[PDB]
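Chains as they are written, first to last, in the authors' numbering: chain L, 553 to 606; chain M, 1 to 459; chain K, 1 to 98; chain m, 65 to 128; chain d, 1 to 120; chain h, 81 to 143; chain f, 5 to 57; chain Y, 1 to 140; chain N, 1 to 345. The beta-carbon is built from N, C-alpha and C at its ideal position, and this holds for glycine as well.
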Ligand SMILES: CCCCCCCCCCCCCCCCCC(=O)OC[C@H](COP(=O)([O-])OCC[N+](C)(C)C)OC(=O)CCCCCCCCCCCCCCCCC
Ligand SMILES: CCCCCCCCCCCCCCCCCC(=O)OC[C@H](COP(=O)(O)OCCN)OC(=O)CCCCCCCCCCCCCCCCC
Ligand SMILES: CCCCCCCCCCCCCCCCCC(=O)OC[C@H](COP(=O)(O)OCCN)OC(=O)CCCCCCCCCCCCCCCCC
């Protein structure tokens, strides 16, 4: 328990989740073509959200 | 309260303006005098609580914690004096500043009459313990210990902040006495259950459960002696104090919402005493013993009986004193041998007779011995738990048996037996550390002689 | 007028899509920027002429001045990019990711 | 030193999750909790029912 | 949220209505703490420039403490004006709309039946 | 000094805290009502100014 | 300044005196219900200004 | 689709399990499409076939998560007759996390997804029960 | 350089935001934004390295696109109502386009990708000027339209900026990228509190500016670029360590540092407006922010990383630190929590 499973459950799993998510977030290449494509997707999502919520 | 806080605030200019050959002497003497000054709010003739200020207040619950903090500051100075002897003067004064700031912030935390100010000083105390553990710890794992301690505390404390601001927006005041008087029952909803969990889980992290407790042995192993002292003698009790304070506004739904934590506390005290039995590290053993005693405190506060609260306060003060004493004794052996392995130094009663006497008295305090506030607190917690449900006596009995077993195992395996004769570097004793043991043990005797002070709110 | 304003808004939208979708040419991106500028100029001029807002007629001249300033700065940056590499490729300028 | 390090700081680096130890950890961390939960819950429900129906009397229990 | 109130002259640090309010007593914990912060600023500046921490730069420390106390006094007077006029506007709105803020009558602890939750 | 000093000081502290709580609740209600319907001094969102409207006779009579 | 040298020994006593002064100032600050509680509310005595200072 | 997501809550839980499963599957599919669009924009595939394969994989994964969530939640509300109960949503969220772990081929991801998504779904059910206003209009 | 063009460029950098925040016409706000962008570009590309050229190019095209969308919103408002200010009855589409474009000007997620790229490859003082001064004019425009904003889009942008900033700063080891992700997180907090209280986003902006001015100054003192470079600070400038640690803790939001005050008061206002879910998520990701700050503190202050031989010559030489700017801002950004009622307005 105290050397394997509580450690595996709360702190190590939280750290593993956040390091996986920060790798996934900061997996960007320095291509402004990709950055502007993502910005276009953001604009489309904002337009759709406005047209849905109204 | 200001007559106690301000001399402790002026301790810092004294620390930084004293000569390097007089710093320890001056700060230790004036911190002893500050503890003597802090003895003045035991003058409680009436049942009315001493409300000195619009922001500072006293209590039969807050007063022993304040006196224990003010008493423990010179003890931390004495304990940390030797292992900083080959050090820069600026680093020594900074360490003393960390200890003094801890004392100031903890006195303000215990005397604070507002929950939001209590939260602010709670995290303010979270800071210098992290600095002490990381900057002056010995091994590599001090950084991991600091991370675990800090973020266990912070992930606990953020929902506490949300809950406190919710209560302030609901009732308008967030003052302890106003809440205690015009407390309102809760209509037993899921939002109220989450509010209860948010305002409890910070303190349930701070004094260890069976779950989140993994930061405590790491921090205690990696911390220096003053850090172990302040942690195991004040900060867990700070969590318990917060639970006793904030439980009053959660009247109707604690009686079912406290079920998982009572079970967690009882089974966890059994498991942590078992770990103490099969533990190879002395500081780890003392840390897990602290987990077990604080599990008893958690169960008493959750069941919310006057006997339970009184026993919780008595176990708080008694456990703080005896855990600091055990940590100081272990640190004396560690300063001799530079290793915390328990099986390595064995026949120390031969060369250290009165240190073995202090070991014996500390372990007799660690287990429940009837002329001691330790047994007073544990016995009244047992009475309240048996009133809560008759079947808790099985878990209590198992815990008491294993507690006696690990305490006497500690004494036999580190004091008795054949002396490890290869250890040449066993210096006889320091008058400083013998004085440190005496200054831990004599207040235990005096509080045993008059236990009306350690009795808390309920009687 | 509403049909023409709808067409001008769609022209701005097309030039914005051109700005956002890169095709290997910083110069083409600057061209899309100036197409957006021209669409905004025509929209502002038509609005002011329709509403007879002769007091607000200096607004298209102001946006033209500041737009030519930003086009000037973009051409200077394209000159520096070409001096650095020699190809003027937006995928070629990528080394700030690490 | 090796014995202490292997007993303390090596266990999680050399721990690998298997279904056997997953089952062992689940039962050892939850079974006692659920068992004592049902024990205390049944006992307290019986006590509360007896008090509410009046068949349980506190003979001289003044301080609880 | 209070910028649109009637009589709000723009970019005015202290209007004449602030002259109706009692000033800080010039030895109050806010200004003493501001002076302490100025002194600590001087000490930290000396330590960063690698001078003696207090033996050097006495004119600098004096200027730091004086400037901190001066600016703190005038800012504190402005904040006192702001809190006072917020309270004044709130009380005026309460007096203007009494039907939205009824003086609710509370009854004694002899008619209300608080439920009792025993802790057996 | 005696028990009466602490007793009366506690009464004064309680009165101060109760008045502060009442005023905080009043401030919350006042702010909510003002933002819901802006009619008091607060939440007065701006409006184009009267003093820049040209009221002189124009070139066209129909103005 | 006749003694001089170890002047720092007045720092903590000065802090203690100032803390007692601040407590006295807070007592003077509260000052409400001097004899207005229902519990005590006694007469002001032929030679007495206030009940507690 | 605002009226679609409102038609999710037009009936109480344990009624129209097919409708609730279809609505939750559509919501998961929309979320997977958005996530796949971000993924193929920021991290481009080696070719259009791999891009379309990744979009389809992500969309099917999120649709399976939503379908299993809605199905298990409605099935729980059917089999124990109390619709207004957050444990049904916790069970459904755990089933959705197990679906995520099955798609990702990792039991650790299955367990973490179960716990986190069950907590999120239970919190969502409590919010819809007791009127928690997500994205509130400014009032004070 | 040249003093004449230094004066011209720096005066235009000053003049841009001043015109934006002091002008009541949306067109003049837009020309202030244009002034700021065009003036700050030559200060960015000044060392004439490929990284500086790339950063200047990325910044130019991003801010030009965002300003074009802003001008589209202004022209559409002028078409709809005939005025040059969004008064009360404009179109929500126009307002949402304004918010999106000003978010891309500010650099908060999911428009945040250029900000660590531009901050990297740029000298530290220009990074300071960007991350502090360039974020006042778009925030001024956002504060001007304080009502009539979409709280849903505001809260979505705020929560994703705080999440992505926490994750990015957690990953990064470059100091300038760390500062950029800190900027993204704090801008998320400011944008979160924007539609409910302009005073609180102004307060958070001021706290952030006075917190990250001396952080950049301390980076500028030793030209420390990486975690290792800031780690060998005990040999270079050992007096810096306590202030560096306290300012990093204040950026983390730990009590009793004054950086706890903006998060505390923003959470208070969001409690007053019943947004507990958003407030709780924002607080947890702020804890993540504090984690990467604390790893930085472990590297620079609480441990002593190994040093090299030439630091002996560095100790032989003498240095110079700006008076009245570093120590004042460090003290005001660490030990000003008990002046919280004076700080809030
Ligand atoms: C360290 C311990 C961590 C685990 C335990 C933490 C507490 C668990 C139970 C509480 C829910 C989560 C915290 C909420 C804090 C605020 C509570 C509150 O004010 O409740 C009343 C409020 C309700 O407000 P209310 O009561 O005013 O509602 C209105 C009610 N009427 C109309 C009747 C007046 O609850 C919430 O708003 C809860 C929303 C939570 C949204 C965010 C969830 C984040 C994820 C959950 C876990 C977070 C911690 C762990 C992170 C990971 C660690 C590894
Ligand atoms: C039984 C009781 C159950 C109820 C209570 C549950 C909660 C208990 C308390 C929380 C758990 C403990 C968290 C803190 C400890 C774990 C973090 C940690 O120690 O991470 C270490 C690791 C870095 O390791 P490092 O030392 O750098 O590497 C070796 C040398 N370089 O770090 C990393 O790799 C990354 C670490 C990131 C920081 C972790 C702390 C912040 C967590 C934020 C939570 C956010 C919640 C919301 C998430 C989004 C919504 C789901
Ligand atoms: C309050 C919070 C504390 C937190 C920690 C503080 C640490 C620092 C402490 C600083 C000093 C504070 C001392 C506090 C205790 C004071 C003890 C004391 O004098 O109590 C008063 C008592 C007589 O008072 P009285 O009213 O009669 O007692 C109640 C009766 N109804 O007096 C007496 O009875 C006389 C006591 C002194 C005479 C010597 C007693 C010798 C006892 C020998 C016991 C031997 C057996 C010990 C076994 C131990 C086993 C482990």
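Run through chain K and tell me which residues come within less than 9 Å of residue 600/L, C-beta to C-beta.
Against the first chain, residue 600/L aligns to sequence position 48. Residues of chain K passing the Cβ test: none, with the nearest at roughly 15 Å.
According to DSSP, is residue 382/M part of a helix, a strand, or is it coil?
What you label residue 382/M is simply residue 382 of the second chain in a count that begins at 1. Of the three classes helix, strand and coil, the one that applies to residue 382/M here is helix, per DSSP.
Using a Cβ-Cβ cut-off of less than 8 Å, list which residues of the region 40-55 of chain d approach chain N; keep chain order.
Answer in chain order: 40, 41, 42, 44, 45, 47, 48, 49, 50.
Are the Cβ atoms of residue 328/N and residue 108/d separated by less than 9 Å?
If you number the ninth chain from 1, residue 328/N lands on position 328. If you number the fifth chain from 1, residue 108/d lands on position 108. The answer is no: Cβ separation not under 9 Å.
Quick check on the contact list: which residues have their beta carbon closer than 7 Å to a heavy atom of ligand 3?
35/M, 39/M, 42/M, 63/M, 64/M, 67/M, 68/M, 71/M, 317/M, 321/M, 361/M, 364/M, 365/M, 369/M, 371/M, 372/M, 443/M, 444/M, 445/M, 446/M, 447/M, 448/M, 449/M, 450/M, 452/M, 453/M, 454/M
Check whether chain N comes within 9 Å of residue 12/K, counting only Cβ atoms and requiring the distance to be less than that.
Counting from one through the third chain, the residue named residue 12/K turns up at place 12. Yes, residue 12/K counts as interfacial toward chain N.
If we cut at 9 Å on Cβ distances, does residue 190/M have a partner in chain Y?
Residue mapping note: residue 190/M aligns to position 190 of the second chain, counting from 1. Yes, residue 190/M counts as interfacial toward chain Y.
Check whether the Cβ of residue 155/N lies closer than 9 Å to any Cβ atom in chain M.
Position 155 of the ninth chain, counted from the start, is the residue given in the question as residue 155/N. No, its Cβ sits nowhere closer than 9 Å to a Cβ of chain M.
Using 8 Å as the cut-off, classify the Cβ of residue 152/M as near or not near the heavy atoms of ligand 5, replying yes or no.
The model on display carries ligand 1, ligand 2 and ligand 3 but not ligand 5.
Could you check whether residue 221/M and residue 283/M sit closer than 9 Å to each other, using their CB atoms as the reference points?
On the second chain, residue 283/M is found 283 positions in, with the first residue counted as 1. On the second chain, residue 221/M is found 221 positions in, with the first residue counted as 1. Yes, these two residues count as a Cβ contact at 9 Å.
Taking the CB atoms as reference points, tell me whether residue 592/L and residue 20/K lie closer together than 9 Å.
Along the first chain, read from residue 1 onward, the residue named residue 592/L stands at position 40. Along the third chain, read from residue 1 onward, the residue named residue 20/K stands at position 20. Closer than 9 Å, so yes.
Note down, in chain order, each residue of its chain lying with its Cβ closer than 6 Å to the Cβ of residue 72/d, except the 5 sequence neighbours on either side.
Here residue 72/d refers to the residue found at position 72 of the fifth chain. Only 31, 34 meet the Cβ criterion.
Compute the Euclidean distance between the alpha carbons of residue 346/N and residue 424/M, then round it to the nearest angstrom.
No information on residue 346/N is available, as it lies outside the stretch 1 to 345 that chain N covers here.
At least one CB of chain N closer than 9 Å to the CB of residue 108/h: is that the case?
Residue 108/h sits at position 28 when you count from the first residue of the sixth chain. Interface residue, yes.
Measuring alpha carbon to alpha carbon, tell me which residue in 420/M, 49/M, 260/M, 56/M is nearest residue 113/M.
The count along the second chain starts at 1 and reaches residue 113/M at position 113. Nearest C-alpha to residue 113/M: 56/M.
For residue 43/f, go through chain h and note every residue whose CB falls closer than 7 Å to its CB, in chain order.
As a working mapping, residue 43/f is identified with position 39 in the seventh chain. What residue 43/f touches in chain h: 87.
Is it buried or exposed, residue 370/M, if we count other Cβ atoms within 10 angstroms and call 16 or more buried?
Numbered from its first residue, the second chain carries residue 370/M at position 370. By the neighbour-count rule (16 or more Cβ atoms within 10 Å), residue 370/M is not buried but exposed.
With a cut-off of 8 Å, do at least 3 Cβ pairs link the region 13-21 of chain M to the region 55-63 of chain K?
no
Give a yes or no on whether 9 Å exceeds the smallest Cβ distance from residue 94/h to chain M.
To locate residue 94/h, count along the sixth chain from 1; it is residue 14. Taking CB atoms only, residue 94/h has a neighbour in chain M less than 9 Å away.
With DSSP run on the structure shown, which of helix, strand or coil describes residue 89/M?
For this step, residue 89/M is matched to residue 89 along the second chain. Note: residue 89/M maps to helix in three-state DSSP.
In three-state terms, what does DSSP make of residue 5/K?
Translated into positions along the third chain, residue 5/K becomes position 5. Residue state, collapsed to three classes: helix.
Tell me whether the beta-carbon of residue 436/M lies closer than 9 Å to the beta-carbon of residue 234/M.
In the second chain, the residue the question calls residue 436/M occupies position 436. In the second chain, the residue the question calls residue 234/M occupies position 234. Taking the C-beta atoms as reference points, residue 234/M is found no nearer than 9 Å to residue 436/M.
Against chain h, does residue 138/Y count as a neighbour if the rule is that its beta carbon must be under 9 Å from one of theirs?
Residue mapping note: residue 138/Y aligns to position 138 of the eighth chain, counting from 1. Residue 138/Y belongs to the set of residues whose beta carbon lies under 9 Å from a beta carbon in chain h.
Let me check one thing: in DSSP terms, what residues is residue 60/Y bridge-paired to?
For the purposes of this step, residue 60/Y is taken as residue 60 along the eighth chain, with counting starting at 1. Answer is none; residue 60/Y lacks a bridge partner.
Sort 268/N, 291/N, 232/N, 284/N by Cα distance to residue 310/N and report the nearest one.
Translated into positions along the ninth chain, residue 310/N becomes position 310. Per the Cα distances, 232/N.
Residue 380/M to residue 183/M, Cα distance in whole Å?
On the second chain, residue 380/M is found 380 positions in, with the first residue counted as 1. On the second chain, residue 183/M is found 183 positions in, with the first residue counted as 1. Rounded to whole angstroms, residue 380/M to residue 183/M spans 28 Å at the Cα level.
Which residues of chain m have a Cβ atom closer than 8 Å to the Cβ of residue 209/M, listed in chain order?
Reading the second chain from its first residue, position 209 is the one you call residue 209/M. Going along chain m, no residue has its Cβ under 8 Å from residue 209/M, so there is no contact; the nearest lies around 12 Å.
Contact criterion: CB-CB distance below 9 Å. Does residue 149/M meet it with respect to chain m?
By one-based count along the second chain, residue 149/M stands at place 149. Answer no: the Cβ-Cβ gap between residue 149/M and chain m never drops below 9 Å.
Answer yes or no: the CB of residue 228/N versus the heavy atoms of ligand 2, is any distance below 8 Å?
Along the ninth chain, one-based indexing puts residue 228/N at 228. No.
Determine the direct distance from the alpha carbon of residue 119/N to that of residue 48/d, and round the result to whole angstroms.
Position 48 of the fifth chain holds residue 48/d. Position 119 of the ninth chain holds residue 119/N. One C-alpha to the other measures close to 27 Å.
Which residue from 331/N, 284/N, 123/N puts its Cα closest to that of residue 220/N?
Taking the first residue of the ninth chain as position 1, residue 220/N is located at position 220. For residue 220/N, the nearest C-alpha among the options comes from 123/N.
Is residue 27/N close to chain K, meaning its C-beta is less than 9 Å from at least one C-beta of that chain?
Within the ninth chain, residue 27/N is the residue found at index 27, counting from 1. Residue 27/N counts as touching chain K.
Does the structure place the region 9-27 of chain d close enough to the region 124-133 of chain h that three or more beta carbon pairs sit under 8 Å?
no
Using only CA atoms, which one of 356/M, 168/M, 1/M lies nearest to residue 26/f?
Within the seventh chain, residue 26/f is the residue found at index 22, counting from 1. Per the Cα distances, 1/M.
What are the boundary residues of the alpha helix (DSSP H) that includes residue 349/M?
In the second chain, the residue the question calls residue 349/M occupies position 349. Per DSSP, residue 349/M belongs to the alpha helix (DSSP H) from 348-351.
With 9 Å as the threshold, decide whether the Cβ of residue 127/h is near any Cβ in chain N.
Along the sixth chain, read from residue 1 onward, the residue named residue 127/h stands at position 47. It does: the Cβ of residue 127/h has a partner Cβ on chain N nearer than 9 Å.
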